[PDB]
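Structure first, then comments.
Labels run A, B, C, D, E, F, G, H, I, J, K, L and M following the written order; every chain starts at residue 1.
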Amino acid sequence: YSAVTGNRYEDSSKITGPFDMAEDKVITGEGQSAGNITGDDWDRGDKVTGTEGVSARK
Amino acid sequence: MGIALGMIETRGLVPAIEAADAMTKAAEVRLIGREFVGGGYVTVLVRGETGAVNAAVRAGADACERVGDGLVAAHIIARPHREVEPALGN
Amino acid sequence: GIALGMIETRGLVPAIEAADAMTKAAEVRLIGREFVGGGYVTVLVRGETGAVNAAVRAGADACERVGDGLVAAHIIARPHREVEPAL
Amino acid sequence: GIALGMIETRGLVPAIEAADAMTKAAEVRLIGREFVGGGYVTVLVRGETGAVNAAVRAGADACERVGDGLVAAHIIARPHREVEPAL
Amino acid sequence: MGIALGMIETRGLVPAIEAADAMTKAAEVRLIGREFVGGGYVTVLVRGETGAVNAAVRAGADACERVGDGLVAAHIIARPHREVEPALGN
Amino acid sequence: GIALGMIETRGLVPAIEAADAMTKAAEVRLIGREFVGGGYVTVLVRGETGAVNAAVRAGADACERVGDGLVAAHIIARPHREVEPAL
Amino acid sequence: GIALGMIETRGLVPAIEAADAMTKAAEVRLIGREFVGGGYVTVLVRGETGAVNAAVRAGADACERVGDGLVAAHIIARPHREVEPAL
Amino acid sequence: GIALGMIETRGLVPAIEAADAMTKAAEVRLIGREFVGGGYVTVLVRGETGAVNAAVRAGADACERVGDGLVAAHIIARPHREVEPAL
Amino acid sequence: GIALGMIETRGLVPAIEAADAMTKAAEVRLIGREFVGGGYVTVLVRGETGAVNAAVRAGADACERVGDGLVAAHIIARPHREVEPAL
Amino acid sequence: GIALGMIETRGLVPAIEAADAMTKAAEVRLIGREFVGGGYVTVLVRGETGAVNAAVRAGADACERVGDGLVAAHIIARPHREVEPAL
Amino acid sequence: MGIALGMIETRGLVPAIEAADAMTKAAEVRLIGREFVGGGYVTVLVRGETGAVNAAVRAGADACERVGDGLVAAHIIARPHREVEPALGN
Amino acid sequence: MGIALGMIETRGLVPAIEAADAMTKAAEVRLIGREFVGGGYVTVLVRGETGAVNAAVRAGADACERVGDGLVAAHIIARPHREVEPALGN
Amino acid sequence: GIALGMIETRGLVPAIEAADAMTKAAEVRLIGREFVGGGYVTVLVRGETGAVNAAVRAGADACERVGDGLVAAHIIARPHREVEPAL
């Protein structure tokens, strides 16, 4: 087939009163890209390279 | 001995009782006391760590709206003060 | 039986008659006769799941017409052990 | 401190929020929680006049949105001697 | 020992056997009686828990409404009195 | 008791949360967790008939929006004596 | 009896309930449960041809609604002696 | 560390992305990796309810856009004992 | 606990206000009062994940308007042991 | 009392003239002067909550033009004992 | 041994083994796993030095997508946790 | 002992230690220093091999720009010389 | 380490300075200093993958601004077993 957190969160209002949880709401180095003429194999993250801060660093 | 305090208001004893049951079922948190406020108001008071209390209170609020009169109040105390402790059986 | 049935009503008379309905409909023992306040009275009965379910359904169907009628009627199949001091 | 910070609400979730805010804001000694009857819950604290004022202000601002809500954000500066037996 | 009594009367022994077979294939119910009232009335008597008795008796009514002349009534008692028990033959 | 209830879902999170509901709503023994294959996961509970459907109570309305969702929640009033080897 | 009956369904809910229908319906012994793959689950029973035929009928009309439905059903009276490794 | 944090996805890419997000974002314990079948992949962590909540938020916000993405992210507030032997 | 929560702000007054909200918002011990230089002041609190999360959110959204304002508000849940020199 | 009032300025001469206003307006004793770094200077006065409030009012109303001006001047009537290490 | 983790998942193992060939042809990476996820998903784990794994995954993502149905999911892991190692064949 | 010195500086310790945690989680490397330059410039100093340092600094840059006033400098050294070593606190 | 790093350029100042950066950045052994003819000069160094990576980074970043400039910057993590007989 294959065409939400499900936690304490889905309690609509809830509100114990005292409790808020209101803090949630959420290249230079030494010429890394300067040497971009480098031919075949390279460090960095051309694409599909999850842990380089893209959706990761958060 | 998590100090975080959850406590729920219900109109009638029923929603208070299944509120306590939901408190216990959602997380292994302890109830410190049930109180008959008066005028039909019944209140449940549970203790535990903040996250477990939050999850339990959310579950109880979910489970009590439909049964009986439903909720009256529901909120979470993360750090009850020492001055409030004598209200909890000094 | 650990299965817990319990009924809220507006008045002692419907409360106790619903307790009798609980007891004659099903062979279960009741443990609580509580005065909530403001006329609200709760009855607490213990037994197996089917027995308490049948008893509570019978009491709810035979209690709405007497006095002020039902306020709530719910059961818990396997109540938590730590709930015990609350009743 | 002699000044009195002293409130009702309906249902005591806002009552504990009022007391918690009492502690958060200023130094007031919680001298009494009381169930008036019919659901009115009264909180009573003692402290300095300015401290009582600030604490009660905070409690009123923190308790009214929760549950049925506030009833009276009232303060007495001199609880006269004959009032004390009622405390 | 199941205290809840499920018990059904029907016109003819074939619907009675239908009811008993449904009893013994439905839930944890122990048939305790099969008696002939007279004039074609046959009654089946089973014991078990309230939920099991309810489910079994309703299954028997379903399996019995059409067979032969069919049943006339289906009945369940939840908390029977001990005084009634000798009238069932104990 | 020996009444058999059981529930399926498309995934393991809804299955295990449904089993949590099974063992939390009612005191029914949990006897098995099986991967049908291709995402169909089933979980098996035993106990009193009222306790069995009492377990299914929470599962049915807990796994509907979890992951791919509930697949089937049918239960057996009583399995036969030779069904167990296939269980 | 050497007569063969065997049916296929999506999800194990209809599979087990239909096996239950077979074993309340006729003298058949459940000789096999097979998680075929991709949600397919098949039950295999020995038995006499009339018995296993009635049983396969019972399984067929048992899960028209149970789970997501049937997949197939039929009867074999005489499988070849060399199909036992396939059994 | 009784809180049971839980992630499903399609394939090990988002699965192990979620797993090392679990163990690197929060100081909690990963207890299990499982292959449901049909591409659904299962990771199970344990820890404090707040720690579990933070970890599951981290993984659910880190692994959804890689591979086929998240499918079932959900955690248990008060996990029951009975399910643990079946884990 | 092992959870570290921590915030900067421009000006010491908002910093101590935020730490004050830290120490009453949830059960937490504060470990660091660091003067970055140029006006950045950092507060370091230590506690469990839920307490630190709630406390930091409360202190941040209470300190946003206090004085010059906050700097950053994101919190890590399970810090690696290697952050020991930060002590 | 136990209240701690705070003043922040761009430079120390406005800060300490504000501190003079503090200790000269009401019965409040200052416990500290701190150079944050980058020019931020704070002064911490200690005394009765009403006295602290009046003193802070006077100093803030005095020191808008002094030096380059004020930054932050808010008070907590009950700073935690845990804030004392930061004092 | 270099703990740097490269893993590539594809539909069908033809692109999976193309990715593995890019692995074993690019850099000092040793394939530590060839596993079938289920329902056709095939994925490969290699381990080695950080730059080596990065270059290998680059080569795989250059030569894998256009092979049959092609690549479905790739990535790199830089400094995998100790607790992940049990999930990596222990 | 990975002699490669990666290191990055930013505005305040929130982004600094978030980048530090990113480096120590995404990569298995050892940070050796936290320095207050003055005026908001706070620096993290980590040792590791060239690939691990590369991955760590990439992760730190990814996770540090969106917090506080953000990262400023993100360059590394692959083979630091002996004479710089006393400047690292020898 | 069997990783090979390579640079082509027009002249020897670019070649020699690039090689100096090659060896200064990290531990790599220069193996080839070959004059192609027609102005082309090439340098080949040997080292491990990360060392060659960073070293050729530094070499290009030191050589770019000499003569007509670097012509080709290229490295291989590991050449085949059969390349070096014609090194």
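Quick note on the criterion: a contact is a pair of C-beta atoms (placed from the backbone, for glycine too) under 8 Å apart; a residue touches a chain by one contact, two chains touch by 3 or more.
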Duplicate of the I-J contact set - from C-F, F-G or H-I, the pair where over half of the pairs recur: F-G
Result of counting contacting C-beta pairs for K-M and A-B, higher pair: A-B
Between subunit I and subunit F, distance of the C-alpha-averaged centres to the nearest whole Å: 45
Chain centre separation (subunit G, subunit L; CA means) in Å: 65
Whole-Å gap between the CA centroids of subunit B and subunit I: 29
Per-residue multi-chain contacts in subunit L, two or more chains: 21, 24-26, 38-39, 49-51, 54-55, 58-59
Per-residue multi-chain contacts in subunit A, two or more chains: 4, 6-8, 15-19, 21, 30-32, 41-45, 48, 50-52, 56, 58
In the complex with subunit A, residue positions of subunit H that touch it: 10, 13, 17, 20-21, 39, 49, 53, 56-58, 60-62, 64-66, 68, 71, 73-75, 77
Contact set on subunit C toward subunit B in their complex: 6, 8, 34, 36-40, 42, 71-74, 76, 79-80, 82-83, 86-87
Residues on subunit H engaged by subunit L in the complex (per definition of touch): 20, 24-25
Subunit B - residues contacting subunit I, complex: 3-4, 49-52, 54, 78-79, 81
Subunit F contact footprint on subunit G (complex, rising order): 10-14, 16-17, 19-20, 23-24, 29-30, 32-33, 35-41, 43, 66-68
